Number of protein chains: 6
Amino acid sequence: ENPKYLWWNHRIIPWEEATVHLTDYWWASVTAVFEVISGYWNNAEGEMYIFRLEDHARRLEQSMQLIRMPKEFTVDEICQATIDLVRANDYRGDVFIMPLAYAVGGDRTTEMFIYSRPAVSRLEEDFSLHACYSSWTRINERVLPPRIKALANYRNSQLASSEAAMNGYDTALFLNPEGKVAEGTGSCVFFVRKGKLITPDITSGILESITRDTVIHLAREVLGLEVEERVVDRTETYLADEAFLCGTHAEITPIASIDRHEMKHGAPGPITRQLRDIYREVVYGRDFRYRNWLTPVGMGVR
Amino acid sequence: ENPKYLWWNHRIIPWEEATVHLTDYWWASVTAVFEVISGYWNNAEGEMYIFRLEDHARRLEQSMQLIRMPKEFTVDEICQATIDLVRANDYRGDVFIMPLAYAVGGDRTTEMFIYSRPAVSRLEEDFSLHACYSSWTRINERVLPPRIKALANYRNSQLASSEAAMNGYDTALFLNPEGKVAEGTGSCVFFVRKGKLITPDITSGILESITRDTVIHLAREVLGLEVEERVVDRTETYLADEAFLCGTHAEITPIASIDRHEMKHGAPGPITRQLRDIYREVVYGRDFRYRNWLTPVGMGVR
Amino acid sequence: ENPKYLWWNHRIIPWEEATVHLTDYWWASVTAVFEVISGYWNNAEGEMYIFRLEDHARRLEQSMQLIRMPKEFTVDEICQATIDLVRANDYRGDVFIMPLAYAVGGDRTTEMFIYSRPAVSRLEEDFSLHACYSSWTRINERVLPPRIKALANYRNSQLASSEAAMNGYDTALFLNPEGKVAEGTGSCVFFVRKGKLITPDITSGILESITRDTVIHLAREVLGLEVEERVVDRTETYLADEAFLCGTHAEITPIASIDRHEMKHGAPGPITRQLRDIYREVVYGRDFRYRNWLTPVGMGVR
Amino acid sequence: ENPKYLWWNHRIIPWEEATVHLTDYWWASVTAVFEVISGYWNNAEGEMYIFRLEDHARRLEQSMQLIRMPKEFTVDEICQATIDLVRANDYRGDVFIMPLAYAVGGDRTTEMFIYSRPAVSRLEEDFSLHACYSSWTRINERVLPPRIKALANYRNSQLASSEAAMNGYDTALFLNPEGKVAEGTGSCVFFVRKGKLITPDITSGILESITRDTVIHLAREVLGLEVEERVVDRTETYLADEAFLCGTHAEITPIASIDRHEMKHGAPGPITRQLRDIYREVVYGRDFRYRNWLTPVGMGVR
Amino acid sequence: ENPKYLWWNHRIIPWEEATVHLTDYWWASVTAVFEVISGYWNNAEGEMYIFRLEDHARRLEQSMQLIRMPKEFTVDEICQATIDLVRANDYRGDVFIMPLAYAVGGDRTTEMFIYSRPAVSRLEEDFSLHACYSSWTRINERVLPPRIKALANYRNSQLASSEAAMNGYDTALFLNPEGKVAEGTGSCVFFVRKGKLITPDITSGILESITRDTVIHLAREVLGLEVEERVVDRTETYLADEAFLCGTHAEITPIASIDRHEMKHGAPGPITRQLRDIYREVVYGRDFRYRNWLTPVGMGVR
Amino acid sequence: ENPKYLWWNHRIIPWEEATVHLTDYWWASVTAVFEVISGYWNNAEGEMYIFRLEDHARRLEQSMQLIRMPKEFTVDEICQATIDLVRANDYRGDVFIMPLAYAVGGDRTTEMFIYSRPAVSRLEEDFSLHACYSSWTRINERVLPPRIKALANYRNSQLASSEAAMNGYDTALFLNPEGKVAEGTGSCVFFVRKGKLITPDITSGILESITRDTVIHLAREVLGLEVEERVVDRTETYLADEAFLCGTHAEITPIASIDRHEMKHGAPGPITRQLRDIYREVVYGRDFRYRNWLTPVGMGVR
Ligand SMILES: *Cc1c(COP(=O)(O)O)cnc(C)c1O
Ligand SMILES: *Cc1c(COP(=O)(O)O)cnc(C)c1O
Ligand SMILES: *Cc1c(COP(=O)(O)O)cnc(C)c1O
Ligand SMILES: *Cc1c(COP(=O)(O)O)cnc(C)c1O
Ligand SMILES: *Cc1c(COP(=O)(O)O)cnc(C)c1O
Ligand SMILES: *Cc1c(COP(=O)(O)O)cnc(C)c1O
Ligand code: NA
Ligand code: NA
Ligand code: NA
Ligand code: NA
Ligand code: NA
Ligand code: NA
């Protein structure tokens, strides 16, 4: 069942009006940048909570500025479009909102659509992925800034992901050109060793993850954990007590193993279970301390 | 004015029937590979000549195999689709045919369309581009095989191309991760110094260019020129007597200068003028020696 | 109008006595190291203030030790030579003092001259440079230690600087062999984002800048600013609220833009305006807190 | 005893008139490029033979073009200046001629001098050097094109040369950034293994040596030797039957050993002895086959 | 059943006399170099044929010279030791002979043993391996010369080999630090595409394989095949018509696939079947053209 | 005089029973990992103190897990084996204990021996080494994780060590692939500049040194010193006030110089003398603050 609506170039339109030609936009897709924004439905409150909407909208405006898309949309327009579309679609459950900006062909024009679709959350569930390091190297600033969340950056993140599946793993992790740990294919990665949390620093060649930012805040401020952002080596992650992938799509995804070295305290391990549960209570609006991360959209009870 | 038809998933359909949803295929575009195939119209013969159709169709099948698209189309189907579409569209002039293959979401499905549109040839004309080397590095086998003609590989080739335009040049050339000359943004590059032709070897990190292959054949076999495929240094190209970009879209594009070092014998220089003219007579079907490169489509005089 | 004097090999001599043969010292210039030392004239006090003379003289002795020039001069001799020459020249305005050490040809001999010339300060003025990243890579420890302030290190810093001018920019910034931000051509670079100050760490492959050291002190101790010395990525600097070049010659030079991405809070931006003004009051001897950085030379009012 | 004359900026002048200020030209020396040209005195013929004068003069014009020195001198002017100065100096023995071009400070001016001094030839003598590989890496196209014979490129070639002397060797050889054999500090290197001659290819990151060019011609055309220009590994050179350094200053310099691995057939080994003797007979004008490499300057018997 | 004898430090001794302490030689094993030499038993002739004994013995002396083991053994001693041991052991079938040299601890002493054990040949059999590229990078000249056949070089070649087995492949192939194809874990690799044979050049960072040398000779001289020794890219090998591993242990080992891309003409493919059969007839002494590669040891019929 | 006993595969046995065949274990030695554990004899207390036994035993279990040796031994077994062997050998002086684990050949078996031998301590003595940087590059995570204390990792650490000796130095220091300071050949390195202690961070590509860990603790907690773990450049170490190598074998080894640049405050310098003396009092059991690092083995007075 399609959403009722989507937003396209400054306006909400019924889903079925947004038809284009098969041959529109394949060249535009080379330039395209996107965000993935979560909405979490609190049936008790009859409110959707859109997680860090403004951070996502600012990350998009920056990705657009680095692609050098001419100015057409604002942060406030993308935030309001997302609010308006989640209300108008009238779906009272968890959603993914996806803004996607693209430049169409000298005088390129900037366009964008936003669509919101139902999403499955796994923050109640206890599951684990078996990860491998890819024989494929992560994109770097020299060739393809990981900082831009460009569709093209995912060509790199399907060399790794299809390798991982055909060799019997659930997920790929990347090494950077210099042999250091980069990120997952769609997400940042965390390692627990002791109860010290470890994650690659930004200049390891990764996206400016809002989830990574969120986890680091929650780990330091709720749990009092030490969190190291640093150059991380492959072999030390094999020795991790726990590991997880985090991102908007990934929420908190435990890693059971890495190149078949098994995380000592399981998956989800204790620090992972804690961070997963705190995350969940934040995003569903049952933690008043983190309220400023949440954009409510009142829609009335399901 | 749109073409009458296009080919999509094993069938020709009127142009206007190929409508999809705005939100179809943005994830598929990450995987997408394409060819650009030239058709040259000989009004004297009333035939379109499709240049090296089978090489293009085989390059596409290989690009698809390296992306790991499941098998759905054959070389012979792509060659025949292109013949059939150029006839059915009933346009008696120069065309670009563009097959584009993409995988749609475990059990991914392989899809492809082909569309043929009128094209402007510049093989009569004498023009020249001012080129710069980009401060952006070419994609390599470690991160994004240049060998695959993937839409995503063009994200790299618009870092360079937009830099080139905003800094007052017509076109970008690339250096590889190791500092050696790679290719243009959409084309291979040739240098003339003496009347020795020079072009980067394939493992410099370039596409397996059919035009590059064609030029090397024509330079050796018609002109008796020495042609070096080797590691090429930046500074020596500044000292080139001539330079040109070559590809299907680019045909033979003379470079007047490179980072404002001007090619000594102009643009097009003498060896460039020769190769341009021989190319033109080959592709338009007025050189019986190269006939096996040509797929005629008889359509009757314009 | 030439200075009255200069210092050469342990002695002050009239300017016109320091004549050599056209063919002396071109081989010596390969080895040569130098400092640029500022003197700031306070007409109210009738004193020249020589900025961080001993740091400059120690940096020179170290540059000499790393070149492996045999010992001939001392730190104290270079400090006193600079004091004596600024007095003897009897010029009551802002000056640049330039010690230059060189080895002359087994048993190489160490020589040095120091000359002081009038200098224009721009610390009253509000101006801005448009910067590009160079397609040329910074020298590293593997080939040419950036730590040594050798004339030869400037061959690298005129690949970048002449590129920048011919492509319509005022100044070049460098990327290191690994693609990270290095420095300007003659100066260290600072970025303001938030009001967090950011500058590459030393092992990014930069000179041990006294101005950079000075700015970091002034930013932390006068302004209470956070200052990050770290690996800095190209794309984040495009997103900078402000940027500036700093060095002895450069003082504080605001950057309006970088590869045509414009710094959000202008040039000079607010944190830049503050640091410029504090710097100025320090170097001119109107800030008693920083007095230990200043070597007064009393000469009587202009 | 000084030469009678030198050439400076389009004119011959007595040696003693070419006096400048100690402080002229230290910044210009960063830009400076030079050639070293040999003159060989044949007392039997009363002629100096200037070796490959035009190649040297063209290499200089190219080095100048790559530095981007504005045009001021011609190839023919440098060739004639060198002829005229060797006649006017009236020294009837072996000489080194050294053109040195430099740009003086927006609107930079191009200047050049040429001076000719007596030189000791070692082509009668049988001597050998003990070489080490340097822990310092050769300059590459990314940072400092080895192709430009710039004074600054010798800062790199005194990291290696002073290391070599203090660790008990006569001479340094370089490895490139990728770990492959580059060149000596002032010369190209040849290895003999079998009686196959081996030397790094140009894009190993070396100067376009006229001596290297000369040796390769003489090895192929007089001796019928196989000569490989290719990527050369460190360890294989340890296993060389012979090795030598060649250049204008170096003529043919045998290497007895490399990191204390001794060349099997000694120094000079047999192929080295042959090439040394053929070189000598070429440069002294007693080999009519190579006459086109020689510019005679008749001056009458010593 | 143990061999009757082995050779150790210049003498043949019964197998059971060669007992040492558990704690002897673990430090020596860091330095150790070895060869693997094949003996092929021709029961018709009652002769063992030892394949390219002198090449193997010279490769060992070179490996020893590069490790800097003091001189103790000669090429002729290793050749004769191997002859004598294969006779004295009195085993009339295919054997592996393994010389292993090691330095024991200032004044290190050089030691060596040689032992010959029965070996299974697979040159009658038609079998195939499924290969992966390793996420582990091959050792290079910078860190560990692949040219030395050192036991330590196999630590690298069990990162790859254990990865390959746990991820469901039969064998690992390596990429070099620069992302190009290096070798297998114990063998060189060949690709057939067309009927052009392709194999990495030596400076791709590989061992000087005698089998690789043998195959290239046999391919050119018996089959008239084109054989390219060059930089080889990962993706092109996926497109290979055939592939094989070759070495002393490996003989000719067909590769059915590489990262699950299947070689078009199977395994063994036609050119592979030919080269396998020619190899077999060479090593068993039924090809008089290649007799100079064979060291017969007459022992009388089995 | 041999020890009375050693431990092998879960049991203590007389020294003379541990005899194997010359040809056992040369392939196993490729996989082998080891620790070096110090025992310090306090004749006053009649106790051996085994330094950080559990850290060493855990480092071994991790090295074994990363090699992928099947589980056979425990941490507690290695700790108890070492205690038991030092008692049973009945030697009342300083010892080195060396566990060495190895896998013997599909279904590899894990084996280990431990042997304890008398050791000379140099912690009373004042001596100094002259160090060079090696022209050989340190092993990295890409090829050979420095994190694993594998015998094979020492092949790299005898390229450097034999270079150092033949070029007149006492010891080699390494640069990493990126040109930064790695470690010594068998030890971590510390630099003193000011009285700030500096040592490369782990991801510089070094072993997880227990001695390095110990020194950093003692420097911070006893001396209140600042200790920087960071990327360290070659040239800054030349400017060090002091330097030392530290490890189990090396204890605290002062460096007098580095590529003949002499440490300003001598060797051992003051901070080095302090750390040496504190280390000594810790390991000999005369510092109750560090008692938890010590495993006593009471044996009665010598
Ligand atoms: C989006 C993304 C992430 C996670 O970022 P969030 O802002 O938390 O969604 C990680 N890696 C890649 C490659 C991404 O594109
Ligand atoms: C297609 C392409 C070329 C030229 O190849 P042709 O087969 O001659 O069209 C060159 N460079 C790039 C990046 C390409 O994609
Ligand atoms: C001198 C210099 C600087 C600035 O250092 P100061 O001590 O502040 O003058 C920056 N970059 C380079 C390349 C320099 O030579
Ligand atoms: C000049 C030079 C050579 C040799 O070139 P010739 O033209 O034969 O003198 C080799 N190496 C370097 C670095 C040089 O500058
Ligand atoms: C020995 C070896 C080979 C093959 O060499 P042969 O002389 O043919 O046995 C290939 N790779 C490695 C790593 C080797 O050690
Ligand atoms: C063991 C070792 C060290 C020092 O580690 P400790 O645990 O202090 O003995 C340093 N470098 C290397 C290469 C080592 O193997
Ligand atoms: Na609203
Ligand atoms: Na047809
Ligand atoms: Na004074
Ligand atoms: Na004349
Ligand atoms: Na015999
Ligand atoms: Na006990």
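By convention in this document, chain letters (A, B, ...) are assigned in the order of the sequence lines, proteins followed by strands, and residues within each chain are numbered from 1. The basis for the numbers below is simple: all heavy atoms, side chains too, and nothing from hydrogens, waters or symmetry mates.
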With ring-ring contact (aromatic ring centres under 6.0 Å, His included) as the criterion, how do D/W26 and C/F113 come out once you've worked through the C-alpha distance, each side chain's angles and the decisive distance to 0.1 Å?
CA-CA 11 Å; D/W26 291 96; C/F113 69 81; 5.7 Å; yes
Engaged part of [X] at the chain D interface, taking heavy atoms whose separation is under 4.5 Å:
X: C/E17; value: neither
X: C/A32; value: side chain
X: C/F174; value: neither

Taking every non-hydrogen pair under 4.5 Å, which of C/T19, C/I67, C/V143 racks up the most with chain D?
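Looking at each option in turn, the highest pair count goes to C/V143.
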Side chain of C/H21, backbone of D/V20: donor and acceptor closer than 3.5 Å?
no
Spell out, as yes or no, whether a donor-acceptor pair under 3.5 Å connects the side chain of D/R142 to the backbone of C/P177.
yes
Should [X] and [Y] count as side-chain neighbours, where that means a heavy-atom distance under 4.5 Å?
X: C/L144; Y: D/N156; value: yes
X: D/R155; Y: C/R155; value: no
X: C/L22; Y: D/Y115; value: no

For chain C, which residues of residues 131-139 of chain D have at least one non-hydrogen atom nearer than 4.5 Å to it?
D/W136, D/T137, D/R138, D/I139
Say you draw a straight line from CG of D/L151 to CG of C/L151; how long is it, rounded to the nearest 0.5 Å?
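One finds 10.5 Å between CG of D/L151 and CG of C/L151.
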Show your reasoning for whether side chain to side chain contact (heavy atoms under 4.5 Å, CB included) applies to D/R68 and C/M166.
CA-CA 11 Å; D/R68 294 169 200 276; C/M166 93 188 72; 3.5 Å; yes
Give the interface residues of residues 80-88 of chain C toward chain D, defined by a heavy-atom separation under 4.5 Å.
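So no residue qualifies.
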Mutual orientation of the aromatic rings belonging to C/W27 and D/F34 [parallel < 30°, tilted 30-60°, perpendicular > 60°]
perpendicular
Which residue out of D/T23, D/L159, D/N153, D/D24 racks up the most heavy-atom pairs below 4.5 Å with chain C?
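Of D/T23, D/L159, D/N153, D/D24, D/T23 has the most heavy-atom pairs under 4.5 Å with chain C.
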Picking from D/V30, D/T31, D/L66, which has the most non-hydrogen pairs under 4.5 angstrom with chain C?
D/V30
